[PDB]
Amino acid sequence: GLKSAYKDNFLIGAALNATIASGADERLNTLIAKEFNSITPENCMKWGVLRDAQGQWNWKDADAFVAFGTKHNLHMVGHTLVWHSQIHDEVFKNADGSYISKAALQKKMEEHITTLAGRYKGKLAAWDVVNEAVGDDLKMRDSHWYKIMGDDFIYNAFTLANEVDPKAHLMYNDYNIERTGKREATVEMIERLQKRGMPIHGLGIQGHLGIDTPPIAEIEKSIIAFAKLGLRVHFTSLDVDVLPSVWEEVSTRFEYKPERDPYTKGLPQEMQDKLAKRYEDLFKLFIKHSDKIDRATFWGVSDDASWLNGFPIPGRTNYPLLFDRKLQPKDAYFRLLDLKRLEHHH
Ligand SMILES: OC[C@@H]1O[C@@H](O[C@@H]2[C@@H](O)[C@H](O[C@@H]3CO[C@H](O)[C@H](O)[C@H]3O)OC[C@H]2O)[C@H](O)[C@H]1O
Ligand SMILES: [Cl-]
Ligand SMILES: [Mg+2]
């Protein structure tokens, strides 16, 4: 499978939802063991999913994920310690809406990281310590984290994670950093935190790509720029959106319309071909820069369980991954295998 074909290049990973990570699906257990040598929990280690609004913890799904990776001897990436999404407003705010102090939030971060990264110390090889800190306007994202703590929210998150599990490979992770503008803003931020002595080992490019954009050349610039920071590059959340885009009026663009969901009956072969060529282009690039890249993780296993079916428009039928809704490999899968099977060396 993919993991074996790409053995000499990088890990091949998948994000697993809680149903998959339970181990109850024999067909996926088989598929995953064959294809992937790394996994990431799709949701269960996120603050607002793992904990309730009162801060109470429920380990069932997170433990099941770690048990699954241990059972199958898979490299495991924790996702994610500090992020502005899927986290209760109660972490940051009093019931009246007012923000708590920097000191009070720091205490909460310390408790969260110490507990979560501590539980799985030595079991998870890597952590997405901070996710999505640069805004799409290229300034620091105006989250509660940032408004209360400043850039110390990032510095302190990495410091704490490194104290709790000194052996973990600590990553900053973001989307659209394949693109000019955000790439450079991210480079500058990381540069300035590295200067301050922040422990950081890796840089995650999410890789939520469109069928057309961004071009390979922009992605290449990012691989090269982030590697120059002395960081290992990971592609963390790969998928290819094949459906009409709403990214380019502004307030109805997220509503369901049938014209924006044109493949409910199946993805036609011509689009299968385009999708296969797009993934092939991408993996050619990755192979080219295998010296800089530790991992390529897909944000799901099969198309039936992709988040892009419901984002950014609820209820669509998307086709973003390497396995179809019956778990059969798509044409894109075979193009990826052929890149390695037919590789030329001395
Ligand atoms: O519809 C219910 C549920 O939604 C899906 O999970 C979503 C995640 O996949 C999503 O992951 C983020 C994707 O963007 C970035 O890569 C980020 O780093 C990821 O955490 O987060 C929102 C979730 O709703 C599941 O597919 C499905 O069961
Ligand atoms: Cl899940
Ligand atoms: Mg282990």
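Position 1 is the first residue of the sequence, and the numbers go up from there.
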Quiz item: For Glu163, what residues pass the salt bridge (charged side-chain N to carboxylate O under 4.0 Å, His left out) criterion, not counting sequence neighbours?
Solution: none

Quiz item: Would you say the side-chain atoms of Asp61 pair up with the backbone N or O of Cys44, donor to acceptor, closer than 3.5 Å?
Solution: no

Practice problem: Evaluate the side-chain hydrogen bond (donor to acceptor under 3.5 Å, both in side chains) criterion for residues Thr180 and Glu218: first the C-alpha distance (whole Å), next the side-chain angles of each, then the deciding distance (0.1 Å), finally the verdict. | Solution: CA-CA 7 Å; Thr180 295; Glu218 279 282 292; 2.3 Å; yes

Exercise. Among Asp241, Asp303, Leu209, find the one that has a side chain to side chain contact (heavy atoms under 4.5 Å, CB included) with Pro320.
Key: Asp303

Quiz item: Between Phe286 and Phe283, does the ring centroid distance fall short of 6.0 Å?
Solution: yes

Quiz prompt | Sidechain-backbone polar pair: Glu184 side chain, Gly181 backbone, donor-acceptor under 3.5 Å | solution = yes

Exercise. Ignoring hydrogens and angles, state whether a donor on the side chain of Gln206 or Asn176 is under 3.5 Å from an acceptor on the partner side chain.
Key: no

Quiz prompt | Near-ring test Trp307/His208, centroid separation under 6.0 angstrom | solution = yes

Self-check item: Atom pair NE2/CD1 of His289 and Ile224 - distance to nearest 0.5 Å
Solution: 4.5 Å

Self-check item: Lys/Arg-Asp/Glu bridge criterion (N-O < 4.0 Å) met for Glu111, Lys108
Solution: no

Quiz item: Can you tell me how far OG1 of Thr186 sits from CG of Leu203, rounded to the nearest 0.5 angstrom?
Solution: 7.5 Å

Self-check item: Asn9 side-chain N/O to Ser290 backbone N/O, donor-acceptor pair under 3.5 Å
Solution: no

Quiz item: When hydrophobic residues are tied together by side-chain contacts of less than 4.5 Å, even through go-betweens, does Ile20 share a cluster with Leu124?
Solution: yes

Self-check item: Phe92 versus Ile148, closest heavy-atom pair with distance
Solution: O-CD1, 3.8 Å

Quiz prompt | Verify same cluster id: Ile293, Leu170 (apolar side-chain graph, 4.5 Å) | solution = yes

Quiz item: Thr80 side chain to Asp128 main-chain N or O, any donor-acceptor pair under 3.5 Å?
Solution: yes

Quiz item: With no hydrogens and no angle check, is any side-chain donor or acceptor of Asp324 less than 3.5 Å from a backbone partner on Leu327?
Solution: yes

Quiz item: In terms of ring plane angle, is the pair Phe311 and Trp247 parallel, tilted or perpendicular, where the classes change at 30° and 60°?
Solution: tilted

Practice problem: Report the C-alpha separation of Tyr333 and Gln328 in whole Å, then their side-chain angles, then the decisive distance to 0.1 Å, and conclude whether the side-chain contact (heavy atoms from CB on, under 4.5 Å) test is met. | Solution: CA-CA 10 Å; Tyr333 174 85; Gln328 299 313 299; over 6 Å; no

Quiz item: Between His201 and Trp127, is the gap from one ring center to the other below 6.0 Å?
Solution: no

Quiz prompt | Verify same cluster id: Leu138, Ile177 (apolar side-chain graph, 4.5 Å) | solution = no

Quiz item: If you measure from the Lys or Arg side-chain nitrogens to the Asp or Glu carboxylate oxygens, is any gap between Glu110 and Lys107 under 4.0 Å?
Solution: no

Self-check item: Between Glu132 and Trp83: side-chain donor-acceptor atoms closer than 3.5 Å
Solution: yes

Exercise. Over 60° means perpendicular and under 30° means parallel, so classify the ring planes of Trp57 and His112, tilted if in between.
Key: parallel

Quiz item: Taking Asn94 for the side chain and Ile100 for the main chain, is one N or O donor matched with an acceptor at less than 3.5 Å?
Solution: no

Quiz item: Are any of the side-chain nitrogens in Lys102 or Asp152 under 4.0 Å away from the carboxylate oxygens of its partner?
Solution: yes

Practice problem: State, yes or no, whether a side-chain contact exists between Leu243 and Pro262 at a heavy-atom distance under 4.5 Å. | Solution: yes

Quiz item: Is the side chain of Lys221 donor-acceptor paired with the backbone N or O of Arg183 at a distance under 3.5 Å, no angle test?
Solution: no

Practice problem: Find out if a path of hydrophobic residues (ILVMFWY) with successive side-chain heavy-atom gaps under 4.5 Å connects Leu160 to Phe153. | Solution: yes

Quiz item: Counting heavy atoms not belonging to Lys121, are there more than 12 under 6.0 Å from its NZ?
Solution: no

Quiz item: Should we count CZ of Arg341 as having more than 12 external heavy atoms under 6.0 Å?
Solution: yes

Quiz item: Taking everything shown except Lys274 itself, do over 12 heavy atoms lie less than 6.0 Å from its NZ?
Solution: no

Quiz item: Is the side chain of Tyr319 donor-acceptor paired with the backbone N or O of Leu275 at a distance under 3.5 Å, no angle test?
Solution: no

Quiz prompt | Any side-chain donor near an acceptor of the partner, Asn173 and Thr236, under 3.5 Å | solution = yes

Exercise. Over 60° means perpendicular and under 30° means parallel, so classify the ring planes of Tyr6 and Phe10, tilted if in between.
Key: parallel

Exercise. Could you tell me whether the side chains of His84 and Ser143 share a donor-acceptor contact shorter than 3.5 Å?
Key: no

Practice problem: State plainly whether the residues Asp151 and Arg196 are in salt-bridge range, i.e. N to O under 4.0 Å. | Solution: yes

Exercise. Please determine if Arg119 and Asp63 form a salt bridge, counting it only when a charged side-chain N lies under 4.0 Å from a carboxylate O.
Key: yes

Quiz item: Checking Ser22 side chain against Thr19 main chain: does a donor-acceptor pair fall under 3.5 Å?
Solution: yes

Quiz item: What distance separates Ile113 CD1 from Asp165 CG, expressed to the nearest 0.5 Å?
Solution: 12.5 Å

